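We did not get these values from a lab; they are worked out from the coordinates using the rules stated. Here the Cβ positions follow ideal geometry from the backbone for every residue, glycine too, while neighbour counts run over all protein chains shown.
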There are 2 protein chains.
Amino acid sequence: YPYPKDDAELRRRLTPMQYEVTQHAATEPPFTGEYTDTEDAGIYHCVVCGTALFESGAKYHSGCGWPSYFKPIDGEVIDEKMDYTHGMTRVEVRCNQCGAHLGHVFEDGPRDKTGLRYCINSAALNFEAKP
Amino acid sequence: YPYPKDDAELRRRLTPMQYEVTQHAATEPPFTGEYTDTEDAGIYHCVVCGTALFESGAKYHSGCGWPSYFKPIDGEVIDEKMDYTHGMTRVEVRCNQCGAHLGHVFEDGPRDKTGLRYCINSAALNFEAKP
Ligand SMILES: [Zn+2]
Ligand SMILES: [Zn+2]
């Protein structure tokens, strides 16, 4: 990952939730994240490295309990990796710039669009409003 | 449970984490809770109903990532229920007065005491200092 890892800096700058989610692949509980129901126009950036990851225009109502997007801003900003943790097989999504754990992607997204549900922890993101 | 249920009031008074943990059996991520490492003398109360649940004297450093106690204040204050969720069989611990989800109890606690680890979400509790 291009963005250099500096653990000391992250621990100083990130909240415990942000750090655990992004660095230890923790999962914020459903219906507790800041951006779960956000509908404002803008861009969701990696909380770690600031790379733009998701646009408000791709955010949709999934009812799953986390921010949910049907596509990232482009095919380059996300890295996918199989995840066999927690007695499940899933596809983890990471920031391709810095490697931050973001969430998971599922094949139960909008059938009228991409069919994909990018299920992202709020604590992995920071929102830049664009009114 | 005797303590009368008002979801609307809870939604207003509790933070989303406290609400989802106690009412929907969410689990705070490990290493994110406020009280995980707390050593101060005092009493941990149910965040929902205020019942005294655990004493600082029964709190110990388990290293598991959540507040851990080897016994509650007395046996009467906790209800236990088998929990078959999340692909595991565990013993849920609830507040006996209001039914709040608190956490789980495991049999890997200090053998020089109860041998039990009551593993409790910080977000289910509110600490009262008795210094
Ligand atoms: Zn990043
Ligand atoms: Zn209670």
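Brief remarks on what is shown
- Hits in region B:24-41 - residues which are crowded, with 18+ Cβ neighbours inside 10 Å, more than 9 Å from chain A (Cβ to nearest Cβ) and of a type outside the set (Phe, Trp, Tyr): B:25, B:36
- Among all residues of region A:96-103, there is at least one that is away from chain B (no Cβ under 14 Å), within 16 Å of ligand 1 (Cβ to nearest atom), under 17 Å from residue B:29 (Cα atoms) and small (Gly, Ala, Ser).
- Residue satisfying all of: in region B:44-59; touching a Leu at 6+ places or on another chain (Cβ under 8 Å) and either hydrophobic (A, V, I, L, M, F, W, C) or part of a loop (DSSP other than H, G, I, E, B) (or both); farthest from ligand 2 (Cβ to nearest atom) among these: B:54
- Checking each residue in region A:80-99 for being within 29 Å of residue B:88 (Cβ to Cβ) and not in a loop (DSSP other than H, G, I, E, B) picks out A:80, A:81, A:82, A:83, A:85, A:86, A:87, A:90, A:91, A:92, A:93, A:94.
- Residue that is nearest to ligand 2 (Cβ to nearest atom), among those in region B:84-103 that are without any contact (Cβ under 8 Å) to a residue 24 or more places away in the chain and out of contact with any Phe, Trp or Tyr (no Cβ under 8 Å at 6 or more places or on another chain): B:94
- Tally, over region B:104-131, of residues that are touching a residue at least 60 places away in the same chain (Cβ under 8 Å), in contact with a strand residue (DSSP E or B) (Cβ under 7 Å, 6 or more places away or on another chain), of a type outside the set (D, E, K, R) and outside any loop (DSSP other than H, G, I, E, B): 7
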